[PDB]
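Reckoned from all heavy atoms, side chains included, excluding hydrogens, waters and symmetry mates. Residue numbering restarts at 1 for every chain, and letters A, B, ... go by the order of the sequence lines.
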Amino acid sequence: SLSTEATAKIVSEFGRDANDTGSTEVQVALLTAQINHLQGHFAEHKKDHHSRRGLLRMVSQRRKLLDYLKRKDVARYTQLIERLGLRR
Amino acid sequence: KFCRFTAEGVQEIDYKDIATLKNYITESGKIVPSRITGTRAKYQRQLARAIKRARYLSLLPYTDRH
Amino acid sequence: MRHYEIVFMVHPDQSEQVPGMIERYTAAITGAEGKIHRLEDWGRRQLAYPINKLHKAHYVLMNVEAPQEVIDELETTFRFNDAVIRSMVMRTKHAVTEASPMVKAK
Amino acid sequence: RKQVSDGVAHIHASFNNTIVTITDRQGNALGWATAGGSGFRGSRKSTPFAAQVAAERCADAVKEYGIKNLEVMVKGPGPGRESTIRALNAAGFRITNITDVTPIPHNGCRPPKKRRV
Amino acid sequence: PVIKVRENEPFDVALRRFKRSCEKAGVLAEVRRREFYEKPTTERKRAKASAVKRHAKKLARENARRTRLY
RNA sequence: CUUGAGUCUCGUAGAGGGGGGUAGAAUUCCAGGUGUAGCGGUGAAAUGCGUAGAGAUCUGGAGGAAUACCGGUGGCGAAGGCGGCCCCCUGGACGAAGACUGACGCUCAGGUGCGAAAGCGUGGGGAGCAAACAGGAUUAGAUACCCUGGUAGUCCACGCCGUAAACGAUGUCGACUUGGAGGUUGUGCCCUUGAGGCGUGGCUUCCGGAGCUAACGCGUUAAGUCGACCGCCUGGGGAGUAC
RNA sequence: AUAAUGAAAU
């Protein structure tokens, strides 16, 4: 998983304060960081099926949180996806 | 049942402690069961690990006829 | 940086080179911003079973802290050196400074 | 011949036969005997009595070497483990050691299949 | 099992010591059980059956001492 | 809005998964010494191996498959499954005291992944034993059960196949309803008598009360009392067969 | 150790 320093840095960058650990932006950013990191691991170990379930769970959780944010506030959603570089 | 490690509050079993490890093997070199000595399961697992490490490093034998 | 415990064994008829070996390995670890927490030389000991028709090996123990690459290089050195007949490297959770049971009853 | 005075006896005790071999302290054979060659065949070959007789014959066959002290090594599960030692003692040797050297693997090769009769 | 005959020690006592040491080591059981291959299904079934039999016998013998035969 | 659902800080136990090294016991084979008539196998036998020196005993070397004891009605995983020791990468569970978001949830036709043994394709490797096959026997016969040999396969890399009494023959989620004895893994306070008492969480084995069931039995881990969604059945053969 | 069979009804 991520390290303490990296987690603290992301929380400071994306949260309203160094104690806002449970905002949607912070959650999405943390999931994105870990998903990006694991691409290197799975390009070398292609037959590690047991670890891949966790990755897929992360992907699903991020999708659901983004749908909720898009429903509740469009402007914040646009800004967040622009900042994180998410689209197909 | 009486377990000396639980009596003395130990943290790890220390594969370097041959004098202690000697009480828990038979004369053929085999590991004694827990139901004979009265150890707890946690410390039994730790003890087996330590004995295997010592066997590799040659501080203890494997069998009685090498 | 992580914490490691290392043990290695040397041929009995090469016991005169152990101080030089210790010095060189210590220098290799210290040059990479690491530290040395425990060092011990146990002398010649009788083996429990023969290894390559030998008994009477020379034992050295160390507890150190360093990066991974230094430890990998040290392992390669052990592999290609012929005075060393066996070695072991293990990871620990914290630095260990106390004295070993072999320096309390030998 | 050449005197020795210190020897080893090897006992091979299987479910079907018993073999006794006497040797010096370096592995060089001096004489041997078996239950199947002592006048027993079939259902009488795997008895303690046959092992007894075989041990007596083996002791007789090595009398020109003048042996006094014997070590004993036993290998196998069959009937013949103890009668042979008793006969060797009765012949007139002095027994110094007894050891069991049956081979036991630490999970190696696959054994044969079970018999359905 | 390694036995050294002690001074003044007769032969029968040494023989009995050898037998006791062999039984404690348990070499005959190992040899007998390694003669033929056994399937994992059979191994697991035998283990469970032994445990169940022991438990049931314990309960029966402990609860049978609450009655009078005559 | 904070009670469902999540994020953050400190720890704990584990045969959970992918990659690379290494150790000790045992089987087989090759090359030598000592020694001399048997060995091996069965209910009883002989096919086989042996004076061209076997079987037994001792010394040196090669190779590749599995990890005794510990080890248990023990542990981990969605299921299939996972067991020597060391290092690198990596997934999930649980506990104590606090802070944060604010219904962000449950089920899921079609779709997409994973999926024991045997089997198929291309390239490697091959101790042990083993479909097919060959020869002793037994029998009225014996294309079998028993004995002596023995190759495909069993092992490794990559790609196919999609089935099992794949079983607790019991779909997933939430709430409520008398007791007893154990296993395993966390954590609080202390009469103080420092080796012992009194509490509070997760997982798990057995017995049994009311209720339920055709009976056998299930019984807070329900087959009891209720709510939300999904899959399936409608006499036996013909048939999970034909097109 | 091995070692087969018994029309339909009352």
With 3.5 Å as the limit, what N/O pairs link the protein to nucleotides 127-138 of chain F?
| residue | atom | partner | partner atom | Å |
| --- | --- | --- | --- | --- |
| F/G128 | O2' | D/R110 | O | 2.7 |

For RNA chain F, the residues among residues 55-83 of chain C that have a non-hydrogen atom under 4.0 Å from it: C/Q68, C/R79
Runs of at least three Watson-Crick or G-U pairs with RNA chain G, cut-off 3.5 Å: none
Pair C/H55, C/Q46: side-chain N/O donor-acceptor within cut-off below 3.5 Å: no
Results of side-chain contact (heavy atoms from CB on, under 4.5 Å) for A/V59 - residues two or more places apart only: A/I35
Sugar-phosphate only, base, or nothing, as touched by A/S1 at under 4.0 Å among non-hydrogen atoms: sugar-phosphate
Touch class at under 4.0 angstrom, heavy-atom based, for D/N17 against every strand present: sugar-phosphate
hbond_proxy D/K45 side chain to F/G41 base (donor-acceptor, 3.5 Å cutoff): yes
Distance-only donor-acceptor test, E/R34 side-chain atoms vs F/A68 base atoms, 3.5 Å: no
Cation-pi, A/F14 ring and A/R83 (6.0 angstrom, 45 degrees): yes
Salt bridge (charged side-chain N to carboxylate O under 4.0 Å, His left out) partners of residues 55-70 of chain D, not counting sequence neighbours, each pair once: D/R1-D/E64, D/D60-D/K63
Just distance, no hydrogens or angles: give the donor-acceptor pairs under 3.5 Å from side chains in residues 70-81 of chain C, sequence neighbours left out.
| residue | atom | partner | partner atom | Å |
| --- | --- | --- | --- | --- |
| C/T76 | OG1 | C/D72 | O | 3.4 |
| C/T77 | OG1 | C/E73 | O | 2.8 |
| C/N81 | OD1 | C/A83 | N | 2.6 |

Per-nucleotide protein contact string for nucleotides 80-86 of chain F, where B marks a base within reach and S marks sugar-phosphate only (heavy atoms under 4.0 Å, - for neither): B---SSS
N/O donor-acceptor pairs under 3.5 Å from side chains in residues 102-112 of chain D, not counting sequence neighbours:
| residue | atom | partner | partner atom | Å |
| --- | --- | --- | --- | --- |
| D/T102 | OG1 | D/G76 | N | 3.4 |
| D/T102 | OG1 | D/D100 | OD2 | 3.4 |

Between N or O atoms, less than 3.5 Å apart, protein on one side and nucleotides 55-61 of chain F on the other: list the pairs.
| residue | atom | partner | partner atom | Å |
| --- | --- | --- | --- | --- |
| F/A56 | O2' | D/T21 | OG1 | 3.0 |
| F/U57 | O2' | D/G27 | O | 3.1 |

Aromatic-base stack, A/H45 on F/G18, cutoff 5.5 Å, angle under 30: no
Tabulated below should be each protein N or O lying under 3.5 Å from an N or O of nucleotides 94-101 of chain F; please produce it.
| residue | atom | partner | partner atom | Å |
| --- | --- | --- | --- | --- |
| F/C100 | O2' | A/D20 | OD1 | 3.1 |
| F/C100 | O2' | A/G22 | N | 3.3 |
| F/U101 | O4' | A/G22 | O | 2.9 |

Those residues that, when tested against A/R16, pass salt bridge (charged side-chain N to carboxylate O under 4.0 Å, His left out) (two or more places apart): A/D20
Residues in salt bridge (charged side-chain N to carboxylate O under 4.0 Å, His left out) contact with B/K16, at least two apart in sequence or another chain: C/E5
Aromatic ring pairing A/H41/A/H45, orientation class (parallel under 30°, perpendicular over 60°, tilted between): tilted
